[PDB]
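> Give me a 3D structure for the following:
(8 chains, ligands or ions: 29)
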Amino acid sequence: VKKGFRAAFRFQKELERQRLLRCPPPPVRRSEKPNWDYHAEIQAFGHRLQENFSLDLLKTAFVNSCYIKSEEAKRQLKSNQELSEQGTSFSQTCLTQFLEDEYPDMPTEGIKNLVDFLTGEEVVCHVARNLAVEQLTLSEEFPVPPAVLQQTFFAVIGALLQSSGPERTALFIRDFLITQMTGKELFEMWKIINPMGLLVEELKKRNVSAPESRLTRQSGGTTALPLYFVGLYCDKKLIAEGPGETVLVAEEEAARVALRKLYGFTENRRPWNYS
Amino acid sequence: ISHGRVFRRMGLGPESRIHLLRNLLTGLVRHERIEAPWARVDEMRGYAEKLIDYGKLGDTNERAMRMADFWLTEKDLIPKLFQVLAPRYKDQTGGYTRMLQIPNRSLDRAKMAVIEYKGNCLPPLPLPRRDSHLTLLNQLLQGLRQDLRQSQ
Amino acid sequence: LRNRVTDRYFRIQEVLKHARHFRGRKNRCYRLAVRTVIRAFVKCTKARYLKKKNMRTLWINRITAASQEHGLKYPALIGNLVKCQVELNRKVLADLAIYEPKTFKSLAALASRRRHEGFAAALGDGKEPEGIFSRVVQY
Amino acid sequence: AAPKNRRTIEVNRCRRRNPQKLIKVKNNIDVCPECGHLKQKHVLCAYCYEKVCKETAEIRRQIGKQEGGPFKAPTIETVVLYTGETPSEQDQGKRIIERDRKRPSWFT
Amino acid sequence: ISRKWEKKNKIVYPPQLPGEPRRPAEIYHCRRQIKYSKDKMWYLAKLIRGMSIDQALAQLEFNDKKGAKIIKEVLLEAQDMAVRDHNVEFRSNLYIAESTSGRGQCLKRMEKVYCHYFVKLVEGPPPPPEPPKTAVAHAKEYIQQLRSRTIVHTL
RNA sequence: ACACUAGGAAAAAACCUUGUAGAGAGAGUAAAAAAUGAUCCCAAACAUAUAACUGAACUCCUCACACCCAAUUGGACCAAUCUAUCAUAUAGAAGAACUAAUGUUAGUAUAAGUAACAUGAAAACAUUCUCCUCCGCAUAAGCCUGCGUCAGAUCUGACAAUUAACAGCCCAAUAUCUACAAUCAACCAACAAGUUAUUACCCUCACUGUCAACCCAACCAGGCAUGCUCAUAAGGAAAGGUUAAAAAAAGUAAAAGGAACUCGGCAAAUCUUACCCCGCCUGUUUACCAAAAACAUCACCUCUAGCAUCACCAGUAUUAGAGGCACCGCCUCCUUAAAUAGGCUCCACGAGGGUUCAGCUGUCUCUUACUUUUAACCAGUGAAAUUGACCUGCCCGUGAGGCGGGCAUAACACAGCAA
RNA sequence: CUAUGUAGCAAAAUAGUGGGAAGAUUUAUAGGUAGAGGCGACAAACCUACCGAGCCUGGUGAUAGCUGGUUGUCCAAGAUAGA
RNA sequence: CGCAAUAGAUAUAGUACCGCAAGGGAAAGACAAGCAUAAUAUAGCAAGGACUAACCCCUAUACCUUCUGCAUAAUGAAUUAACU
Ligand SMILES: [Mg+2]
Ligand SMILES: [Mg+2]
Ligand SMILES: [Mg+2]
Ligand SMILES: [Mg+2]
Ligand SMILES: [Mg+2]
Ligand SMILES: [Mg+2]
Ligand SMILES: [Mg+2]
Ligand SMILES: [Mg+2]
Ligand SMILES: [Mg+2]
Ligand SMILES: [Mg+2]
Ligand SMILES: [Mg+2]
Ligand SMILES: [Mg+2]
Ligand SMILES: [Mg+2]
Ligand SMILES: [Mg+2]
Ligand SMILES: [Mg+2]
Ligand SMILES: [Mg+2]
Ligand SMILES: [Mg+2]
Ligand SMILES: [Mg+2]
Ligand SMILES: [Mg+2]
Ligand SMILES: [Mg+2]
Ligand SMILES: [Mg+2]
Ligand SMILES: [Mg+2]
Ligand SMILES: [Mg+2]
Ligand SMILES: [Mg+2]
Ligand SMILES: [Mg+2]
Ligand SMILES: [Mg+2]
Ligand SMILES: [Mg+2]
Ligand SMILES: [Mg+2]
Ligand SMILES: [Zn+2]
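Residues are numbered from 1 along each chain as shown, chains lettered A, B, ... in the order given. Ligands and ions are numbered 1, 2, ... in the order given. Find the structure here:
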């Protein structure tokens, strides 16, 4: 036996490290690991976002009916339903106003779809994990289910509104939710089917005959890797142009680009004005 | 090159080959069934057949007697050849021996073979029968038997 | 035995950890891992010079392709954009050629304009008025 | 001569595990349709053959016990009869080798 | 000297919920100190790698190599233990999930080789072999690769 | 200048350009392109769209700076261990750090599941058959329980054994003697010349070897004295199974020709002749590359020595020792068709050297068939030299699987060959 | 003398072909000669597998102007007159 | 401010074993290499720049020691662990 202690302890630490990569521990609430005091954490949550949350309302905006019921049952105060309702309703209205004013031509169906996307679980959970809402929120099951994160996040927005008024809440929503539209194309958030039908409907509403689909350019007609560039027309004037491999797909993409141009949601639109 | 050479090579030369086959054939005439390596039995089958052919000619012939003297080593068997085997096959004009393959030898994993003289007293080898005549394919073929016979 | 190295394991793993992704016996046998790891790091150091050289040659190739799309070789484009006092480098010229075709079309037009001005001036007799784009701006 | 370099585990694996060196799966095994034991098509049921060799050995032991010593190959046919089997009308003048167990069902 | 294999027959899983799919049982078994090389036992181990137990026994009964009967005895003991202890229903409802051969201990004179045989039987029927890569699959993956190209080394 | 960095001239230490070192997905330059004999030519091409562009670790740019020589020399840090004091730090100590010594010890690889090894046939396990041996039995010498039973395994333990008449282990003292061979021992013939009388004792069988498949060779086609059997009354088994490829080994057969092979008639088949050189002869020698023309040897000659009890020697000049030489007698142009080969006297002899006649033959012209072993496949057991790593191509050039320029190119066993 | 064998059956053997085989022959057994010594029908032949000088222990960690090696990190100065 | 099973005595032992002999003289007890799970796919000191992407593209003449530099001119290394 080599005499010594340092190498033995170093090897034990390395073994423990390896043993915490295979068989990692079951993840547990951050509010149970060491170094946790709720008061400091919630106050820091406030100050981090540059917002003067009222401490009591913010406190009750992170408590959920599930947690109250589990405390009542485990023992042998207010919940955040009302704040959640206020926050969700205001968020819907304010996002509608934002999108309507930024994109006037877009139809109400599309605006409602964008508003459902931004306030949906897929994006709200993402914005709520990366702002420490899951750490402070009280629930039963960890990780908190995405629906509970959504309702708690809008409860927090509701507290913010009841505390610092409408305009600051609007800035908050512009800062965290609207930003999520960055990069995304229109029809990655507004999921639709049969685009040519919608194009024909909108063109009819503007009293112009349905568009004629021509073939602008083509390469590799016979091969397995063709390229067809299909260009819609409206009485001898182009209104779109789409690529594809099949002529059907090229026509579909031409419809999609024409829809984007008419709804003012192009790739090179005037970028949102955050200042 | 070995085109058209019908005789195996075994033993320490031609003579030892004849002597090995002679011992196998003597064992066969004495017991009427022996288990031996497959290739050796396949070489000895022709000799056993022709031995019965020589034995049919009968004692009185001298050529057959000399041949059976050479090819039987314990001479008690020469009576048998001329009085139990050759008489037994007075009807058959060929194919006196049946040869089968059996599970390989335990020690050296050689290809084995049981060879016996047809008609002996011993318990019968488990020969493999063909499929029963009542199986589906056979029934359809029987229907074809009938329908072709009537047409012709 | 008075002193024996009690931690040779960690000194070995410091070198093997950089070789797990190698192929052969030279990803677990130290005597070979060391030599190939050292060659790896020497190439890693010496390769930054080639990185710069290669990206520059890729940019020159892309710019030559784009400029040939507009009937204008690469000597002309660079040797006559600078004569218009535009200090766009080659990285951004390549990016413009790929991602902003019409801006690059304009730059190529400008280069051809300046080239024509130069030919017309040199063809003339004396110091007739300079071309509308050939006028330098001083600091 | 002698090797000039060790051969790596990769080359050795491409040799040792090549298909030509693998053990082939046998496509000619089946079940004795009546007896119900495994067998290859062109070979005898091993269990049946063993149960036949046992009886052949017992018969031959009786034959040896009756012939006395060596050099006694009889000059007549032989018939073997199990318990409660009188010599049939066809087997007179043929040596009888008595056995003391009921005739096997497979002995016809 | 590490006796790990025979300790995987002791993992007690939690009682199943009435909803989740019935978990297929398992049995691990090993023969230690087989007087036989490992580079030869490997071929027999690989032969029976992906086939049910009964076909495996059939294939081994008629193979010539010395280790065939050792593998057969091991598989029979495994089947008996699986039915008797591990609460398997049908003794034919097993297949060779894992079969491998490993080195051994004993000493030299010229090494006297030894080897162990390790078998894992998983309840259920054999999984079907991976089908061949149809031409449409190749074209599909080639299109996928052609459709993931990005402009390399620029924005 | 190189042995220090970097870029060029194809690869390129030595020519041209360039140094002080880090990050950058910035920029400007340096040098730098041809004109008009032997495996397989060797970038592909191009006469005429404005001369500039390209091009480094040089320089500038944004940031950071001790962070590119051998031998040597200076300096700042430090892994691990022990001790003092804390109780990882400050100190003091020291067997204080291994990519390399055909390093040493242990493990496992590669060549490799390759080379090599083994069990006559049938059976009813009682037996029968085929074939082989200068072998077998005993004593001696050697060894020391080393195939007897039982019980455990694929060798471990227990139990049992080899019985003296054969062989060994010896002797009371003193004096006396003790001339002539052995050879079927008799004829001829030779030379190497081969115990008792007196005194003392009237005691009896103790002790040890006694086995076997055996000993010396690391385990073994080797070594091993004597008696008897002379082909066996005794003892054994040349083929694990198969197929009948090459190359290899041993053997058998061969048309016509019969040394044309080759250094040479080596090997094989046949059996004869003649000569020449050397050495007189038999013998001896380089255990393990030389058996001879060398050593020894009778015969001859030369030198020394006049003599006691440990050799020469229990000898004495015809003796003894040391040398040279080598009995004895005599003196001190042919060959072939063709040719560089062969052709002091002195019988006998030589696995000595050279030559020749005749024959013989697969030596050859010119190879062929079959058999056995090897072989290849199946099954068991299973090495060794060798090995920097290998993801292991060809041609031309440089000075070659790996550099350069062309060409070729899905992966993988198996058996051959030897550039 | 030839062929096989060359980690071979063998650290000099096997198969054939050969020389001697009543002698200066061959051989079992005990004893003797001991290392600058013995013995030698001289070949530098042999004296326990390797003798132009045995083998073992000691002086001995012989000596070696000759060969081979010489182990953490980082920086810096650093080369070819001559007797 | 001595070693802790390759150290400390050669030591569990001057035993086993080697040698005719003098004499020589051991070993050991309490997830390293190698393989399997899982053979490979044009191209080349087996890496680097990278890339959406493992290969494909561009760059790239193994290490030690000795000779003036050495394409491997030559010497040494199968590889791991311990001791040096
Ligand atoms: Mg540059
Ligand atoms: Mg500089
Ligand atoms: Mg420290
Ligand atoms: Mg040290
Ligand atoms: Mg070393
Ligand atoms: Mg080989
Ligand atoms: Mg072989
Ligand atoms: Mg006695
Ligand atoms: Mg006596
Ligand atoms: Mg005796
Ligand atoms: Mg006998
Ligand atoms: Mg044979
Ligand atoms: Mg044999
Ligand atoms: Mg064989
Ligand atoms: Mg002839
Ligand atoms: Mg002589
Ligand atoms: Mg002679
Ligand atoms: Mg084999
Ligand atoms: Mg060359
Ligand atoms: Mg090969
Ligand atoms: Mg020294
Ligand atoms: Mg000197
Ligand atoms: Mg310096
Ligand atoms: Mg020790
Ligand atoms: Mg020791
Ligand atoms: Mg490992
Ligand atoms: Mg080379
Ligand atoms: Mg070497
Ligand atoms: Zn059956």
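
> what separates the one residue in the stretch 101-250 of chain A that gets nearest to RNA strand H from chain D, distance-wise?
Residue of the stretch 101-250 of chain A nearest RNA strand H, by C-beta to the nearest atom of the strand: residue A:225 (15.4 Å). (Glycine included, C-beta is placed from N, CA and C.) As judged by C-beta to the nearest C-beta, to the nearest Å, residue A:225 and chain D stand 36 Å apart.

> hang on, that residue in a strand?
No: counting by DSSP: H, G, I helix; E, B strand; the rest coil, residue A:225 is not found in a strand; it is coil.

> Please state the backbone phi and psi of it?
phi -130, psi 70 (degrees, to the nearest 10).

> And residue E:52, by the same measure?
Note on residue E:52: backbone dihedrals following degrees, to the nearest 10 are phi -60, psi 170.

> how deep is it tucked in, by neighbour count?
18 (other C-beta atoms under 10 Å in any protein chain shown).

> show me what contacts it?
When contacts are counted by C-beta atoms under 8 Å, 6 or more residues apart in numbering or on different chains, residue E:52 touches E:92, E:94, E:95, E:96, E:125, E:126.

> Let's see that with 7 Å instead.
When contacts are counted by C-beta atoms under 7 Å, 6 or more residues apart in numbering or on different chains, residue E:52 touches E:94, E:95, E:125, E:126.

> center of chain A - which residue?
residue A:123 (2.2 Å; C-alpha atoms, centre = their mean).

> that's a helix at that residue, yeah?
Yes: secondary structure of residue A:123 (three-state DSSP): part of a helix.

> Tell me if I'm right that it and residue A:181 touch.
No: in this structure, residue A:123 is not within contact of residue A:181 by C-beta atoms under 7 Å, at 9.5 Å.

> Go through the chain and flag its longest helix.
Here I'm looking at chain A. helix A:146-176 (DSSP state H).

> not what I meant, chain D
Max-length helix for chain D by DSSP H is helix D:46-67.

> Quick check: buried residues in the helix or strand just after it?
Of the helices and strands lying after helix D:46-67 in sequence (DSSP states H and E), the nearest is strand D:78-81. Within strand D:78-81, the residues that qualify as buried by neighbour count (16 or more other C-beta atoms under 10 Å in any protein chain shown) are D:78, D:79, D:80.

> I'd like those residues as a markdown table, with distance to residue A:152 appended.
Converted to a markdown table, these look like this (distance: C-beta to C-beta, whole Å):
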| residue | distance to residue A:152 |
| --- | --- |
| D:78 | 101 |
| D:79 | 101 |
| D:80 | 96 |
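
> Pick out whichever of those sits closest to chain E.
Nearest to chain E among those is residue D:80, at 32.3 Å by C-beta to the nearest C-beta.

> Backbone torsions only: list them for residue 37.
Using chain A here. Torsion angles, degrees, to the nearest 10, at residue A:37: phi -140, psi 120.

> do the same with residue B:79
phi -50, psi -50.

> right, and it touches residue D:72 too?
No: applying C-beta under 7 Å as the test, residue B:79 and residue D:72 come out as separate, 10.7 Å apart.

> Which one of the two is surrounded by more residues?
Per other C-beta under 10 Å, whichever of residue B:79 and residue D:72 has more neighbours is residue B:79, with 15 against 11.

> nearest spatial neighbour of that one, skipping sequence neighbours?
Nearest residue to residue B:79, sequence neighbours excluded (C-beta to C-beta, 6 or more residues apart in numbering or on different chains): residue D:75, at 5.0 Å.

> Span of stretch D:72-92 from start to end?
In stretch D:72-92, first residue to last residue: 20 Å (C-alpha to C-alpha, to the nearest Å).

> just the residues of chain C that are near chain A, which are they?
Counting by C-beta under 7 Å from any C-beta of the partner chain, the positions of chain C adjacent to chain A are C:4, C:6, C:7, C:10.
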